[PDB]
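Here you get one chain, nothing else, as structure tokens; it is the form deposited in one PDB entry.
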């Protein structure tokens, strides 16, 4: 039980603070689990609009989304679920997500359609590099570390060369081009 509470607090905190990027729908699902755990089964007369301080149940980016309704719906579908069970379900859900355990970096993509830069989520794992929608948290494009020919890290950007995979590179604006590059180099070094 105690081990379960450590895993829970970690997964919850990583979601609430943004460390673990998730969609709006998923954020409300967790909230539901969080509510059950903190308040017990949903109660119409005790748990009514305004009861929840959205700041403690959703990631910053989702507070002003008026999703309290979605949360109470998630809380309601928990039925008479015990705290332990809800905790268990919280973690499993977090671990089942494509974004779980992925080191992310907030970068900016310069494309056509305009001259403005589109913020984007860049994730690095021990076996791949992924482009994630800054908002939807959906995976736009994913690359295999083995497809990387070379990379360039400047104090203002980072570039990836896949050589024989696709035409052109993939550059983004970031002040962590160094951090990202080192991360990749290390992972690649262990594969061989």
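Basically, rigid core = biggest C-alpha set you can superpose within 1.5 Å across the two forms. Only residues modelled in both forms are compared. Positions refer to the first chain, counted from 1.
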If you average the CA temperature factors over each stretch, which comes out higher, 65-73 or 29-37?
65-73
If you take the mean CA temperature factor per stretch, which one wins between 111-119 and 76-84?
111-119
So among 22, 16, 184, 172, who wins on Cα B-factor in the entry?
172
Comparing against every modelled residue in the chain, figure out the third that the C-alpha B-factor of residue 191 lands in (lowest, middle or highest).
highest
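Not on display, but discussed next: the form solved in complex with a partner chain.
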Go through 179-187, 166-174, 21-29, 8-16 and give me the stretch that gets within 4.5 Å of the partner chain in the bound PDB entry, heavy atoms only.
166-174
Among 141, 154, 43, 38, which has at least one heavy atom within 4.5 Å of the partner chain in the bound PDB entry?
154
Even though the partner isn't displayed, in the bound PDB entry is residue 159 close enough to the partner chain, meaning a heavy atom within 4.5 Å?
yes
Partner contact for residue 110 in the bound PDB entry: the partner chain, 4.5 angstroms, heavy atom:
yes
May I ask you to check whether residue 114 falls inside a 4.5 Å heavy atom distance of the partner chain in the bound PDB entry?
yes
Is it true that residue 114 shifts between the shown form and the other one by 2 Å or more at the Cα, once the core is aligned?
yes
Provide the ranges, sorted by sequence, of consecutive runs with at least 3 residues in which each Cα shifts 2 Å or more between the shown form and the other one, based on a superposition on the core.
112-116
